[PDB]
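Asker: structure for this input, please:
(9 chains, ligands or ions: 1)
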Amino acid sequence: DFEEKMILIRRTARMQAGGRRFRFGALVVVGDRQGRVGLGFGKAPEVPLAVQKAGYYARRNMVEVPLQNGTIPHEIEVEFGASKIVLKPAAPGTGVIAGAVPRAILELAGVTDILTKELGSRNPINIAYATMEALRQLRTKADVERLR
Amino acid sequence: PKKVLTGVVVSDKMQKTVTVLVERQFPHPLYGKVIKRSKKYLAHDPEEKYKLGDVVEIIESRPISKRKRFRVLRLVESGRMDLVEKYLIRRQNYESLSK
Amino acid sequence: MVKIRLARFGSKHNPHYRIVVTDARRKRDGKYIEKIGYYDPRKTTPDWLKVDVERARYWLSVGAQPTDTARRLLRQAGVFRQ
Amino acid sequence: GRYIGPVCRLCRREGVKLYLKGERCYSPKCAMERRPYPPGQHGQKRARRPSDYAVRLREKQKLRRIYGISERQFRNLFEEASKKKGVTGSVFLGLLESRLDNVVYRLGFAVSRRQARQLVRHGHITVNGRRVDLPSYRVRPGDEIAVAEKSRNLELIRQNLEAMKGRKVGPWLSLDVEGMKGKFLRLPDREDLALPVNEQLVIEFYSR
Amino acid sequence: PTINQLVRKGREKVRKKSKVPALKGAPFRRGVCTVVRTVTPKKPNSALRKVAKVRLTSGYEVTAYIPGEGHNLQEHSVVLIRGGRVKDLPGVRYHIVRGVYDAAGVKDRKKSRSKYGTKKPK
Amino acid sequence: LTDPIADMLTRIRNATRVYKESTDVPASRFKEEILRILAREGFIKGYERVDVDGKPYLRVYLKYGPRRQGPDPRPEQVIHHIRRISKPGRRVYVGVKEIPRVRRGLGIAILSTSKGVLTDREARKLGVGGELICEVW
RNA sequence: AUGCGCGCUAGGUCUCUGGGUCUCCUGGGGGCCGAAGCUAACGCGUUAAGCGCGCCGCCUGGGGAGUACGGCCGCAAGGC
RNA sequence: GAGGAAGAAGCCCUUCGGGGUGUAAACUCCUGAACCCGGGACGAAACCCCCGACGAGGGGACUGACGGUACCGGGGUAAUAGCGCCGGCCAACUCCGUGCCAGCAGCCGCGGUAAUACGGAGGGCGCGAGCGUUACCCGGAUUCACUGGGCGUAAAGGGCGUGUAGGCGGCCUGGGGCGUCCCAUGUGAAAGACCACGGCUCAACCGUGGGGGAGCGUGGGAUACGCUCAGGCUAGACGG
RNA sequence: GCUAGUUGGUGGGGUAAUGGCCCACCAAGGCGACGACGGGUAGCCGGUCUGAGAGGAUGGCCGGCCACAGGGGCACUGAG
Ligand code: SF4
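Answerer: Numbering: from 1, shown residues only, chains lettered A, B, ... in the order given. Below is the structure:
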């Protein structure tokens, strides 16, 4: 299976004749706590539909991350538009030190000892994309050693 | 040890006294850039032989005058008026900063 | 005169002293010159008195003036056992 | 000081059968048995989705209330635990398992950590001969703890040893029923501890 | 900025204007009630804000807010003030501590009783 | 021109991004050692001194990852990052106890020393500091 | 509404101005579309808003107000 | 403290069924804060005297405000809890009262008749002999961005050249070795901070010892970089 | 823009002692955009709080230094 969290659930509203008709968007994260994470962002006319839909995207948008003793092989910083995220490995006694959004993410990757910091825009969607992208860039020592 | 500095003769209008511009580099304490701060010392030239534009070594000493506490340890170089000019330019520009 | 005396450290009702060569007119807890040994008046610890014999032997040689309660300990430390 | 009010409800509030009384901990009259839901007027109602803070809050409130320690002393120990090296979780735990009454209760001399304080706080136990009554005392490894000889004649302590006539003790300890004595062998390990807690959460509760 | 600029000028550290000039800069500052009256707050709110103008021992004479329900206040009432401006009132940047020198605790109060200066019931 | 080194760096970075096979730089005995470092550190396919119009250049042969399945087939850049540290605007000098652990070791930090140009692994190996050139990964 | 200088980074096209060996190439300017990249987006994109470096100017919420005051300049308007 | 109802009472909510208050209580047993008694210090060995020898050294005795205090023994009672909050931030929700009034508020804002946002009650939550408010510093604020910001339109490119100071600066090769690094080294007081251990029945507190520790002085070394000086080059620049 | 004991020199007086510290005389010097002088502010430091750190604030107690002792000036004795 996979574990899953409803990170963000916002309602957007488009105006038209008659007035505002709403739509729900949802950030949903899905992982195994073993390096696998999926950032689902489904939107639909209703919460359970979007959430159900959102997790569906996450399961297909999975990405496995190279954990190392509960942390990451190196710190990283991703500029996702205005969201500037900074993550940083830590000792096994440290724990996860993050805003709610990425903490929710890394707690599903299996990460349990990580120092982070959100700079720039803290838009939870954009934050999440930078997080999933940063996880998409991590590399073990052997990987780079293979590259060189 | 007595402090030893090396600057250029930038003024000798005073009897037995010459003005030595001491330039010292050092990193900025916060911005890490190495900056050049100059300084003028009125070393005691008892013979008034060191002339203008002469790179010399001055040394800490017992206070000769209110403004003097250094003597020329020895000459280092002469004919360095180019340095003196840059000083003269600086004090010259001060006229352009009035109101 | 540069003297040798015990300054009070520790806390209320827990005296701890430093046999220390120091100028006389300093306050008794001010800046001393050389901590040349501590002292447990209450003897709570086994090695409740450890003083360097030689340095007192040095400072005495150079003109030290230990107070009686100090010289009580140097002899008790055996610095004078010559 | 220590918590003094009703104690079943903390489990009902925590929603987990933490052990706080001894017998009624294990009775079918356990409050977790009959009403396994939070106390109060809104108790039975549909539990809402807990926030991150609430979860981590419940964790610390879970662990902390396991030991009755003040928030301060719990917090004080954390920084001391935090300043030390290694996995701060287990380090922070062993100190918690290094408390005098906790070692007492863990040694089985009391049917409840709350009651164990009474033994400590009433001087009914000596630490390596020294009759210590600091409930917050830290028992180091290889230390001997036994009932006061005057406390030896006490029947409740007998009743506790009556229970420990065949009951066992955690691997970091060593007990003598007939001697009424115990020895703290080593730092209790995280694996050794059966604490129903994700202290990792409790770490982050002080990371905020 | 270029490093040479930061060396030539450097970052301009910014200070903060103290929001409570009257305290200056003490935590509390006693004063005497001069004009004990009411005020209608600005929009959107709508009410009769009990506002007093008090002169401080610090020489100033400013309007503070009167919390609670009802009050024994009046002109020439010795009063200790504190606190920050009520938002929905114009420039009423100080409170009047209930329980100090004239500010009798709100009678019949039962909640937040440490605020408003009420003694616990028997 | 202000700093050739950052230029040769950026010449790499630009050449890296558009996936050039190699590039060239106006040669210099200083740069030549840096290039030796990256080749010695598997950061490049190597280099070679060449001339262009009577001006010696350096055909820096870049090394790339493999072609990547999915939307972007572009191979993953071997040099994910290259950034001059000590700049002409602000020089930087490192003691032994401040030579950074660039990227937890996956990166590197080339830095000039009185013992010549070296990597941070080398400097702590020799326990020496110097002007810190650039972090790379 | 884009300070300057320099370097590198697909291209296509139009245009003006030189050189050549005149299919084409080589240069210097002026537009258009666009790779990578950048960008909040709009769009920028070898005439960067990309990648870098050196230097200077400048911003630190809106209004209050480019006003007050002061100072300088100005015949004045007024300017800084 | 333990046991202690499918759960007293009261109160509150109610779908009228019951539920919460809650093992909470009462209740039984257990201990013993207090308190009573008695004993009761360390801190105090010196100065001093004698012997020695007016030395080393040895012997004698004196002195305690704290304080009859800590502390120890024996006996010994079940013996204070309050405060803030409960829309969201942020943890904890209903009823009643009021009805843009009263009031609350740090921001968002709540209040115009059913208010989880005001007042009361019940419940609950956070702390606990404390609990809040105010004042102020830092943080959050990467919101003065050195680390670690920006300027086409959000605030920001000066109207533009020229150039002063200043800043910065091509290749190669040497020399000095200035910054630069490194080593040794003195200093970097004590106390504080860290570490280890120890004494206070623990902790606070204190003691001991170790470590450090930017910075500077001192001597030595290196020359990659920048600097300086010297000599050459043509890729920049200028010129013809 | 500041500065005429003002910068320096000579000689002298004073000093435990250098010193324009003071004095007489001679010269015109010295200070300043690397921010003089002016104003405002302030006891300084080890440290303390805060912070990831950088850094920011802070200097209560404690330890060191300085200044003051109703406000000003002045010396005497004195090793001080
Ligand atoms: S277990 Fe039984 S006794 Fe222990 S706490 Fe939960 S309810 Fe109270």
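
Asker: not counting sequence-adjacent ones, nearest residue to residue A:8?
Answerer: Closest residue to residue A:8 apart from its sequence neighbours, by CB to CB, 6 or more residues apart in numbering or on different chains: residue A:27 at 4.0 Å. (C-beta placed from N, C-alpha, C; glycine too.)

Asker: assumed that neighbour was part of a helix.
Answerer: No: using DSSP: H, G, I helix; E, B strand; the rest coil, the assignment for residue A:27 is strand, not a helix.

Asker: wait, it touches residue A:43, no?
Answerer: No: with contact taken as CB atoms under 8 Å, residue A:27 and residue A:43 are classed as non-touching, separated by 9.7 Å.

Asker: quick check: neighbours shared by these two?
Answerer: residue A:54 (CB atoms under 8 Å, 6 or more residues apart in numbering or on different chains).

Asker: and those two? Which one has more around it.
Answerer: Each of residue A:27 and residue A:43 had its neighbours counted (other CB atoms under 10 Å in any protein chain shown), and the higher figure belongs to residue A:27 (27 against 18).

Asker: show me what the more buried one is bridged to.
Answerer: residue A:8, residue A:41 (DSSP bridges).

Asker: could you do residue A:37 as well?
Answerer: In this structure, residue A:37 has beta-bridge partners residue A:31, residue A:63, where bridges are defined by DSSP bridges.

Asker: residues contacting the residue positioned nearest the centre of chain E?
Answerer: Compute the mean C-alpha point of chain E, and by CA atoms, centre = their mean the closest residue is residue E:94, 1.4 Å away. Residue E:94 makes contact with E:20, E:22-23, E:54, E:62-65, E:81-83, E:85 under the criterion CB under 8 Å, 6+ apart.

Asker: any chance you could map the strands in chain D?
Answerer: Ranges of strands in chain D, per DSSP state E, are D:125-127, D:143-147, D:173-176, D:181-184.

Asker: what comes up buried for the longest one?
Answerer: By that I understand strand D:143-147. Buried residues in strand D:143-147, counted by 16 or more other CB atoms under 10 Å in any protein chain shown: D:144-147.

Asker: and what of stretch F:108-116?
Answerer: Within stretch F:108-116, the residues that qualify as buried by neighbour count (16+ other CB under 10 Å) are F:108-113.

Asker: where along the chain do the helices fall?
Answerer: With no chain named, the answer covers chain A. Under the criterion DSSP state H, chain A contains helices at A:47-60, A:100-109, A:124-137, A:141-147.

Asker: wait, chain C was what I had in mind.
Answerer: Under DSSP H, chain C gives helices at C:53-62, C:68-77.

Asker: buried residues, the first one. List them.
Answerer: To tie it back to what came earlier, the one meant is helix C:53-62. Residues of helix C:53-62 classed as buried by neighbour count (16+ other CB under 10 Å): C:55-57, C:59-60.

Asker: same question, the last one
Answerer: Of the residues in helix C:68-77, those buried by neighbour count under the rule 16+ other CB under 10 Å are C:70-71, C:73-74, C:77.

Asker: same thing with stretch E:5-22?
Answerer: Counting neighbours by 16+ other CB under 10 Å, one finds that the buried residues in stretch E:5-22 are E:7, E:20, E:22.

Asker: touching chain F at all, that stretch?
Answerer: No: counting by CB under 8 Å from any CB of the partner chain, no contacts exist between stretch E:5-22 and chain F, the nearest distance being 9.5 Å.

Asker: any idea how far stretch A:21-35 is from the chain center?
Answerer: In terms of CA atoms, centre = their mean, to the nearest Å, the gap separating the centre of stretch A:21-35 from the centre of its chain is 9 Å.

Asker: tell me who's in contact with the residue of chain F found nearest chain A.
Answerer: With distances taken as CB to the nearest CB, chain F approaches chain A most closely at residue F:42, which sits 2.7 Å away. If you count contacts by CB under 8 Å, 6+ apart, residue F:42 has them with A:147-148, F:63, F:78.

Asker: and residue E:41, by the same measure?
Answerer: For residue E:41, the contacting residues are E:47, E:49, E:86, E:88-90, by CB under 8 Å, 6+ apart.

Asker: ok, so of those residues, who is nearest RNA strand I?
Answerer: residue E:86 (28.5 Å; CB to the nearest atom of the strand).

Asker: list the residues that contact the closest one.
Answerer: Neighbouring residues of residue E:86 by CB under 8 Å, 6+ apart: E:41, E:49, E:65, E:92, E:95.

Asker: make JSON lines out of the contacts of residue E:94 and add secondary structure and distance to residue D:185.
Answerer: Putting these into JSON lines (DSSP: H, G, I helix; E, B strand; the rest coil; distance: CB to CB, whole Å) gives the following:
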{"residue": "E:20", "secondary structure": "coil", "distance to residue D:185": "60"}
{"residue": "E:22", "secondary structure": "coil", "distance to residue D:185": "65"}
{"residue": "E:23", "secondary structure": "coil", "distance to residue D:185": "60"}
{"residue": "E:54", "secondary structure": "strand", "distance to residue D:185": "69"}
{"residue": "E:62", "secondary structure": "strand", "distance to residue D:185": "68"}
{"residue": "E:63", "secondary structure": "strand", "distance to residue D:185": "70"}
{"residue": "E:64", "secondary structure": "strand", "distance to residue D:185": "65"}
{"residue": "E:65", "secondary structure": "strand", "distance to residue D:185": "64"}
{"residue": "E:81", "secondary structure": "strand", "distance to residue D:185": "62"}
{"residue": "E:82", "secondary structure": "strand", "distance to residue D:185": "57"}
{"residue": "E:83", "secondary structure": "coil", "distance to residue D:185": "57"}
{"residue": "E:85", "secondary structure": "coil", "distance to residue D:185": "62"}
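
Asker: look up how far residue A:7 lies from the residue nearest to residue A:83 when sequence neighbours are not counted.
Answerer: Among residues not flanking residue A:83 along the chain, residue A:126 sits closest, at 3.8 Å (CB to CB, 6+ apart). Using CB to CB, to the nearest Å, we find residue A:126 at a distance of 12 Å from residue A:7.

Asker: which of those two has more neighbours?
Answerer: Per other CB under 10 Å, whichever of residue A:126 and residue A:7 has more neighbours is residue A:7, with 24 against 19.
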